[PDB]
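Right, one structure below, let's go through it.
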Amino acid sequence: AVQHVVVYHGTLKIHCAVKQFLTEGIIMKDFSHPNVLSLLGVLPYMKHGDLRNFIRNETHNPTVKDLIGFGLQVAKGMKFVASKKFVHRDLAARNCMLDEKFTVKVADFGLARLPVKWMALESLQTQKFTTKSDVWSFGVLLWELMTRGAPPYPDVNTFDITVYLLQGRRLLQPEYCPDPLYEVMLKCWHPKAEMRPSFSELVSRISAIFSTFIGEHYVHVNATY
Ligand SMILES: O=C(NCCN1CCOCC1)Nc1nc2ccc(Sc3nnc4ccc(-c5ccc(F)cc5)nn34)cc2s1
């Protein structure tokens with residue numbers, strides 16, 4: 001069963017990277033989606049590396065369309081993962097990768113595997129993780145995308161985040177976030193887990209927002225981040 005399955009550089013020609021083991025080898029191996037990082041048999045090399053570092057790179061010139069497009073690809077990847085009944089537990093821009101085609105692959109799962117500032121409130125309180133808690137995390141990722149990789153809740157110390165949130169607070173709208181995309185993030189952070197959108201609903205809502213843009217709005221980095 002692990003026979004059909006059979007960090008450092010490598011070749012096969014495909015360029016590659018290399019970092020119970022056999023069981024999860026098989027499990028990781030059957031997750032095939034273009035917005036999900038593959039097991040080659042050893043993972044494909046991602047030319048552009050992590051999503052967070054890429055958007056922070058002061059020499060890159062992402063547009064609003066570009067950033068929303070990355071968020072759309074994450075959502076497609078998570079829609080697939082969620083269909084397989086798998087919970088990520090650590091969705092963050094740091095855990096998403098970008099290839100030579102600028103295709104986003106959700107990574108940091110399986111063999112490649114507390115992120116308190118990305119955690120839903122019920123997970124901060126129960127230490128249990130669901131698909132609905134991934135959705136909350138996804139909303140924080142979108143906020144990362146729109147601020148070009150700013151750290152969330154900058155003046156909040158990890159520990160005190162649950163108290164902060166329980167005062168009635170959320171991340172503020174980034175300067176280059178469209179209003180409808182901020183409403184989407186607010187939905188992802190709905191206080192009741194069951195009221196949060198599914199990943200299928202997020203793919204749908206975000207693809208419509210994405211289609212309204214034409215690549216004319218350059219997103220700049222914030223000085224206070
Ligand atoms: O590094 C490059 N590309 C060059 C990047 N440069 C930088 C300077 O600008 C020019 C472009 N390709 C790579 N592919 C792969 C393929 C697999 C893996 S392991 C893995 N599995 N899940 C995850 C999830 C996240 C992270 C991660 C997090 C933070 C980081 F910082 C780097 C990697 N790793 N990870 C590593 C790499 S790294």
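Labeling convention for the structure tokens: chains A, B, ... as they appear, residues from 1 per chain, ligands from 1 in order of appearance.
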**Message:** ligand 1: which residues are within 7 Å, counting only C-alpha atoms and all ligand atoms? Reply as a list in words.
**Reply:** residues 7, 17, 19, 43, 44, 45, 46, 47, 48, 49, 50, 53, 94, 95, 96, 97, 107, 108, 109, 112 and 113 of chain A
**Item:** Near-region 191-199 of chain A list (7 Å; only C-alpha atoms; drop same-chain fewer than 3 positions) as a list in words
**Value:** residues 75, 78, 79, 132, 187, 188, 202 and 203 of chain A
**Request:** Take CA of residue 217 (chain A) and CA of residue 64 (chain A) and report the distance between them in Å, one decimal.
**Result:**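 Going from CA of residue 217 (chain A) over to CA of residue 64 (chain A), I get 5.5 Å.
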**Asked** If you count only C-alpha atoms, which residues fall within 8 Å of residue 140 (chain A), apart from same-chain ones fewer than 5 positions away, as a list in words?
**Response**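 Listed by chain and then number, they are residues 92, 118, 152 and 185 of chain A.
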**residue 30 (chain A) environment, 12 Å, only C-alpha atoms, sequence neighbours closer than 2 positions dropped, as a PyMOL selection string** = chain A and resi 1-2+4-5+23-28+32-33+36-41+80-81+84+110
Take the residues that were just selected and, keeping C-alpha atoms, output them as an mmCIF file, in the first residue's frame.
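Written output follows (selection_25.cif):
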data_model
loop_
_atom_site.group_PDB
_atom_site.id
_atom_site.type_symbol
_atom_site.label_atom_id
_atom_site.label_comp_id
_atom_site.auth_asym_id
_atom_site.auth_seq_id
_atom_site.Cartn_x
_atom_site.Cartn_y
_atom_site.Cartn_z
ATOM 1 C CA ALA A 1 0.000 0.000 0.000
ATOM 2 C CA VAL A 2 2.909 2.401 0.644
ATOM 3 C CA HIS A 4 2.798 3.079 -4.958
ATOM 4 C CA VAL A 5 3.973 6.074 -2.855
ATOM 5 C CA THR A 23 0.331 5.359 6.832
ATOM 6 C CA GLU A 24 0.359 9.150 6.544
ATOM 7 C CA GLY A 25 2.530 8.825 3.448
ATOM 8 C CA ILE A 26 -0.453 7.064 1.826
ATOM 9 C CA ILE A 27 -2.991 9.571 3.271
ATOM 10 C CA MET A 28 -0.954 12.635 2.203
ATOM 11 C CA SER A 32 -4.516 15.695 -5.125
ATOM 12 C CA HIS A 33 -5.689 19.316 -5.781
ATOM 13 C CA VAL A 36 -2.945 21.800 -2.242
ATOM 14 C CA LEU A 37 0.774 20.923 -1.945
ATOM 15 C CA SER A 38 1.565 17.479 -3.494
ATOM 16 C CA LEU A 39 3.598 14.572 -2.141
ATOM 17 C CA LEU A 40 5.750 13.491 -5.120
ATOM 18 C CA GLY A 41 6.437 10.085 -3.583
ATOM 19 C CA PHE A 80 -11.101 20.330 -1.263
ATOM 20 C CA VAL A 81 -9.434 19.586 2.098
ATOM 21 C CA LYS A 84 -12.091 15.124 2.593
ATOM 22 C CA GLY A 110 0.642 15.771 7.168
#
**Request:** For each of A:70, A:54, A:153, A:31, take the minimum atom-to-atom distance to residue 210 (chain A), counting only C-alpha atoms, then give the residue where this is smallest.
**Result:** A:70
Which residues of region 102-156 of chain A have any atom within 10 Å of an atom in region 168-182 of chain A when counting only C-alpha atoms, and what is the closest pair of atoms for each, with the distance in Å to one decimal? Order the rows by chain and rising number and write it as a tab-separated table.
residue	atom	partner	partner_atom	distance
A:139	CA	A:182	CA	9.0
A:140	CA	A:171	CA	8.1
A:142	CA	A:181	CA	8.5
A:143	CA	A:174	CA	7.0
A:144	CA	A:174	CA	9.1
A:145	CA	A:177	CA	9.1
A:146	CA	A:177	CA	5.6
A:147	CA	A:174	CA	5.8
A:148	CA	A:174	CA	9.5
A:150	CA	A:174	CA	9.8
A:152	CA	A:171	CA	7.3
A:153	CA	A:171	CA	6.8
Could you write those residues out with N, CA and C atoms, as a short mmCIF file (atom, residue, chain, number, x, y, z; two decimals), in the first residue's frame?
data_model
loop_
_atom_site.label_atom_id
_atom_site.label_comp_id
_atom_site.auth_asym_id
_atom_site.auth_seq_id
_atom_site.Cartn_x
_atom_site.Cartn_y
_atom_site.Cartn_z
N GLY A 139 -10.15 33.71 7.51
CA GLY A 139 -10.43 35.15 7.53
C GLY A 139 -9.20 35.97 7.92
N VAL A 140 -8.39 35.42 8.83
CA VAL A 140 -7.13 36.10 9.26
C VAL A 140 -6.10 36.10 8.13
N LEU A 142 -6.83 36.17 4.87
CA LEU A 142 -7.27 37.23 3.96
C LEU A 142 -6.78 38.60 4.40
N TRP A 143 -6.87 38.85 5.72
CA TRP A 143 -6.36 40.08 6.32
C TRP A 143 -4.83 40.21 6.14
N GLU A 144 -4.07 39.13 6.39
CA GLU A 144 -2.65 39.05 5.96
C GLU A 144 -2.37 39.42 4.51
N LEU A 145 -3.15 38.84 3.59
CA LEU A 145 -3.07 39.14 2.17
C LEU A 145 -3.25 40.64 1.87
N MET A 146 -4.33 41.22 2.41
CA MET A 146 -4.65 42.63 2.16
C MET A 146 -3.71 43.67 2.83
N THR A 147 -2.98 43.27 3.86
CA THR A 147 -1.97 44.15 4.50
C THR A 147 -0.55 43.82 4.05
N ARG A 148 -0.45 42.97 3.01
CA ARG A 148 0.83 42.48 2.51
C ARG A 148 1.72 41.84 3.59
N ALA A 150 1.23 41.81 7.15
CA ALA A 150 1.38 42.43 8.45
C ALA A 150 1.02 41.40 9.52
N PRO A 152 -0.92 39.95 12.63
CA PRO A 152 -2.22 40.39 13.14
C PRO A 152 -2.15 40.78 14.60
N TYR A 153 -3.00 41.73 14.99
CA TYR A 153 -3.10 42.17 16.38
C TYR A 153 -1.71 42.52 16.93
#
**Complete:** What separates CA of residue 157 (chain A) and CA of residue 125 (chain A) is a distance of 16.5 Å
**Prompt:** Of the residues A:141, A:221, A:166, A:55, which is the one nearest to residue 122 (chain A), using only C-alpha atoms?
**Reply:**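 Ranked by minimum distance to residue 122 (chain A), first place goes to A:166.
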**Prompt:** Can you tell me how far CA of residue 135 (chain A) sits from CA of residue 120 (chain A), in Å to one decimal?
**Reply:** 8.4 Å
